[PDB]
Number of protein chains: 2
Amino acid sequence: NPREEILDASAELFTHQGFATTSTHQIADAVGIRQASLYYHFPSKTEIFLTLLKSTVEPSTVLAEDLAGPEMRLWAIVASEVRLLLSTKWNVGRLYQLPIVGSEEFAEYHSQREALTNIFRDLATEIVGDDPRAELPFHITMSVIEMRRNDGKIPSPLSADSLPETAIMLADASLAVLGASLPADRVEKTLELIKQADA
Amino acid sequence: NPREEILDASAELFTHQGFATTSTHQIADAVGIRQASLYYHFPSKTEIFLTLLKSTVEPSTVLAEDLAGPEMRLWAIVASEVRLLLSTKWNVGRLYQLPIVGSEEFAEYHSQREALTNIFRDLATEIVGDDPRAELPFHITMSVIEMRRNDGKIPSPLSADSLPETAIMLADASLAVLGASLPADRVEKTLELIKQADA
């Protein structure tokens with residue numbers, strides 16, 4: 001739809017140029033519409049950017065919340081998040097790195113992000129107790145942002161039948177750093193949760 | 001010195017606002033000098049930002065190059081880099097995340113960064129062979145950028161007598177993800193290299 005075209009164009013521009021340098025004019029001239037048609041869908045560039053930020057975290061929060069012992073739970077959650085970040089045309093995961101998202105304009109995003117971070121931390125604490133390594137799984141998950149392409153081709157299309165290698169490797173590492181043992185058939189077990197949730 | 005004041009002011013501004021939004025006027029009005037005095041030291045904002053980027057990586061490359069078996073070498077290198085990133089007033093490590101540093105203007109930085117990345121990867125390959133986990137230590141090292149403060153107080157002053165906890169934890173994790181065994185007295189062994197190098 002037209003809205004989706006604006007979002008796709010904006011994800012390309014924001015991920016390559018940053019926020020400040022990108023304008024509603026460029027986004028509209030890139031979608032091939034007049035500026036008024038952009039404004040019919042979005043009050044400004046700020047709302048567009050917020051929408052993209054949410055897409056990065058709200059799905060994982062919803063799923064991460066809904067997700068067996070703690071090793072399997074954490075592994076599945078890491079794999080799913082990394083799976084989500086590899087599933088998109090552009091690398092919209094790098095958007096949280098922009099210093100502007102520090103501003104209170106984006107407080108909605110802050111809240112959602114710390115809620116997701118909390119989910120990772122509390123799961124890891126179930127595994128290693130009062131150990132500062134509990135912080136690490138989230139950060140390991142987010143390293144996918146510096147791994148994938150941003151040329152417009154999707155790194156790994158979402159599939160019900162597989163997990164991409166990078167999601168597997170990063171979820172394995174998320175448990176490794178905690179000294180936790182990696183569960184048998186973890187890929188199949190994870191895939192089941194995704195079928196469960198996504199209906 | 002005046003140059004150092006400009007760099008400090010610019011590191012504060014770039015790390016909080018990004019590149020595009022920061023101007024030579026703001027930097028000068030923040031240092032409390034006229035704009036002409038800024039221009040005496042730097043042709044533009046771009047050179048200032050490059051200088052800061054280099055500081056993030058050239059010291060580690062020099063040291064990382066100059067750095068026992070592979071576990072100890074990698075551990076020391078990770079700890080030193082994380083040590084360097086925790087040693088500065090502002091979080092200048094987040095500057096490479098700005099999409100603008102993708103531009104060829106900053107090709108000098110690209111080269112230096114891939115050279116540092118190569119050093120981490122080749123060390124890790126000495127440990128795990130042809131295993132994609134070799135990619136992970138660098139990324140684990142760089143997670144410190146999302147851990148530390150950026151309010152102007154230095155997270156951990158450089159000391160000859162200790163390593164901060166976060167550097168220890170991240171260097172431990174860099175080996176953990178590779179299944180490698182963590183060497184005894186690694187903190188003291190690392191500190192020795194730093195005394196050696198830094199004379």
# chains A, B, ... in the order shown; residues from 1 in each chain; ligands from 1
$ interface_residues --of "chain B" --to "chain A" --cutoff "9 Å" --atoms "only C-alpha atoms" --output "compact mmCIF listing (two decimals) with N, CA, C and O atoms, in the first residue's frame"
# COMPACT_ATOMS: atom_id res chain seq x y z
N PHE B 14 28.99 15.63 19.07
CA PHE B 14 28.76 14.55 18.11
C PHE B 14 28.10 13.34 18.74
O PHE B 14 27.21 12.71 18.10
N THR B 15 28.53 12.98 19.95
CA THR B 15 27.99 11.78 20.63
C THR B 15 26.57 11.96 21.10
O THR B 15 25.85 10.97 21.22
N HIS B 16 26.12 13.20 21.30
CA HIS B 16 24.74 13.45 21.74
C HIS B 16 23.79 13.82 20.62
O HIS B 16 22.62 13.46 20.68
N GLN B 17 24.28 14.51 19.58
CA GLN B 17 23.40 15.07 18.53
C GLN B 17 23.57 14.41 17.18
O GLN B 17 22.78 14.63 16.29
N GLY B 18 24.68 13.71 16.99
CA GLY B 18 25.07 13.28 15.66
C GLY B 18 25.84 14.34 14.91
O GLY B 18 26.14 15.43 15.45
N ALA B 20 25.42 15.68 11.44
CA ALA B 20 24.70 16.67 10.62
C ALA B 20 24.21 17.84 11.47
O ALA B 20 24.42 19.00 11.11
N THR B 21 23.66 17.54 12.64
CA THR B 21 23.06 18.59 13.49
C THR B 21 24.10 19.49 14.20
O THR B 21 23.79 20.55 14.71
N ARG B 94 30.78 5.42 19.94
CA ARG B 94 29.53 5.25 19.24
C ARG B 94 29.55 5.99 17.91
O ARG B 94 28.64 5.81 17.11
N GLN B 97 28.93 4.24 14.51
CA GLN B 97 27.55 3.85 14.21
C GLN B 97 26.76 4.86 13.34
O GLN B 97 25.68 4.54 12.84
N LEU B 98 27.27 6.08 13.17
CA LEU B 98 26.54 7.12 12.44
C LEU B 98 26.57 6.77 10.94
O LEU B 98 27.62 6.41 10.40
N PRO B 99 25.42 6.81 10.25
CA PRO B 99 25.40 6.32 8.86
C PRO B 99 26.32 7.09 7.91
O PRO B 99 26.82 6.53 6.96
N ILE B 100 26.51 8.37 8.18
CA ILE B 100 27.46 9.20 7.47
C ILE B 100 28.86 8.60 7.39
O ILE B 100 29.56 8.86 6.41
N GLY B 102 29.61 5.75 6.70
CA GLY B 102 29.57 5.02 5.42
C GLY B 102 30.16 5.76 4.20
O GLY B 102 30.64 5.13 3.26
N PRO B 132 32.41 -20.07 12.02
CA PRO B 132 31.88 -18.69 11.94
C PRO B 132 31.89 -17.91 13.26
O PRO B 132 31.67 -16.69 13.24
N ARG B 133 32.13 -18.60 14.38
CA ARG B 133 32.23 -17.96 15.70
C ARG B 133 33.42 -17.02 15.76
O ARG B 133 33.49 -16.17 16.64
N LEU B 136 32.83 -13.29 16.23
CA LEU B 136 32.14 -12.81 17.41
C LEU B 136 32.93 -11.92 18.38
O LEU B 136 32.37 -10.99 18.95
N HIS B 139 32.70 -8.21 17.89
CA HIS B 139 31.36 -7.67 18.14
C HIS B 139 31.09 -7.59 19.63
O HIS B 139 30.51 -6.60 20.12
N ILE B 140 31.58 -8.60 20.35
CA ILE B 140 31.52 -8.60 21.82
C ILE B 140 32.32 -7.45 22.43
O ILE B 140 31.86 -6.74 23.35
N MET B 142 32.78 -4.61 21.06
CA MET B 142 32.11 -3.35 20.73
C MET B 142 30.82 -3.17 21.46
O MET B 142 30.27 -2.07 21.48
N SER B 143 30.32 -4.20 22.13
CA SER B 143 29.14 -3.98 22.98
C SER B 143 29.35 -3.03 24.12
O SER B 143 28.37 -2.48 24.64
N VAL B 144 30.60 -2.76 24.51
CA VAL B 144 30.86 -1.74 25.56
C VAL B 144 30.27 -0.39 25.22
O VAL B 144 29.90 0.38 26.13
N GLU B 146 27.35 0.33 24.12
CA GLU B 146 26.01 0.43 24.71
C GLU B 146 25.97 0.16 26.22
O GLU B 146 24.89 0.01 26.78
N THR B 166 34.09 -4.44 33.46
CA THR B 166 33.48 -4.61 32.14
C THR B 166 34.46 -5.11 31.10
O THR B 166 34.09 -5.91 30.25
N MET B 169 34.98 -8.80 32.01
CA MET B 169 33.80 -9.59 31.68
C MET B 169 33.71 -9.79 30.18
O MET B 169 33.53 -10.89 29.71
N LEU B 170 33.85 -8.71 29.41
CA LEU B 170 33.78 -8.82 27.94
C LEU B 170 34.90 -9.63 27.32
O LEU B 170 34.69 -10.32 26.30
N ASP B 172 36.53 -12.15 28.91
CA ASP B 172 36.09 -13.51 29.28
C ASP B 172 35.03 -14.03 28.29
O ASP B 172 35.13 -15.18 27.84
N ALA B 173 34.03 -13.21 27.97
CA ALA B 173 32.97 -13.62 27.05
C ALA B 173 33.49 -13.83 25.64
O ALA B 173 33.07 -14.73 24.94
N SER B 174 34.43 -13.01 25.22
CA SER B 174 35.04 -13.19 23.91
C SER B 174 35.67 -14.55 23.75
O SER B 174 35.60 -15.12 22.67
N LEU B 175 36.30 -15.08 24.79
CA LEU B 175 36.79 -16.47 24.73
C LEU B 175 35.69 -17.51 24.96
O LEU B 175 35.69 -18.56 24.30
N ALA B 176 34.75 -17.23 25.87
CA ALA B 176 33.63 -18.17 26.15
C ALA B 176 32.92 -18.57 24.89
O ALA B 176 32.80 -19.74 24.61
N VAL B 177 32.47 -17.59 24.11
CA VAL B 177 31.80 -17.86 22.80
C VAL B 177 32.59 -18.72 21.82
O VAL B 177 32.04 -19.20 20.83
N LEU B 178 33.88 -18.87 22.06
CA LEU B 178 34.74 -19.69 21.23
C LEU B 178 35.02 -21.04 21.89
O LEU B 178 35.78 -21.82 21.34
N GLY B 179 34.40 -21.32 23.03
CA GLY B 179 34.73 -22.53 23.81
C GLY B 179 36.15 -22.56 24.37
O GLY B 179 36.61 -23.60 24.81
$ residues_around --residues "region 120-122 of chain B" --least-positions-apart "3" --cutoff "7 Å" --atoms "only C-alpha atoms" --output "list in words"
residues 116, 117, 125, 126, 134, 135, 137 and 138 of chain B
$ write_last_selection --atoms "C-alpha atoms" --output "PDB file, in the first residue's frame"
ATOM      1  CA  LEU B 116      41.487  -3.863  13.458  1.00  0.00           C
ATOM      2  CA  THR B 117      38.627  -6.239  12.686  1.00  0.00           C
ATOM      3  CA  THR B 125      40.771 -18.325  13.864  1.00  0.00           C
ATOM      4  CA  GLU B 126      43.986 -19.504  15.535  1.00  0.00           C
ATOM      5  CA  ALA B 134      35.537 -16.319  14.745  1.00  0.00           C
ATOM      6  CA  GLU B 135      33.492 -13.193  13.920  1.00  0.00           C
ATOM      7  CA  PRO B 137      35.009 -11.407  19.610  1.00  0.00           C
ATOM      8  CA  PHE B 138      35.098  -8.088  17.782  1.00  0.00           C
TER       9      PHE B 138
END
$ residues_around --residues "region 38-55 of chain B" --least-positions-apart "4" --cutoff "9 Å" --atoms "only C-alpha atoms" --output "list in words"
residues 2, 3, 6, 7, 10, 11, 14, 19, 22, 23, 24, 25, 27, 28, 33, 34, 59, 60, 92, 93, 95, 96, 105, 106, 108, 109, 112 and 113 of chain B
$ residues_around --residues "residue 163 (chain A)" --least-positions-apart "6" --cutoff "8 Å" --atoms "only C-alpha atoms" --output "tab-separated table (two decimals) with C-alpha atoms, in the first residue's frame"
chain	number	residue	atom	x	y	z
A	79	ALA	CA	17.03	-16.69	17.72
A	83	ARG	CA	15.48	-13.89	12.91
A	187	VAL	CA	16.05	-25.21	16.16
A	191	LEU	CA	10.21	-23.27	15.35
$ closest_residue --among "A:129, A:32, A:157, A:183" --to "residue 76 (chain A)" --atoms "only C-alpha atoms"
A:183
$ atom_distance --atom1 "CA of residue 80 (chain B)" --atom2 "CA of residue 150 (chain B)"
19.6 Å
$ closest_residue --among "A:130, A:12, A:104, A:4" --to "residue 153 (chain A)" --atoms "only C-alpha atoms"
A:12
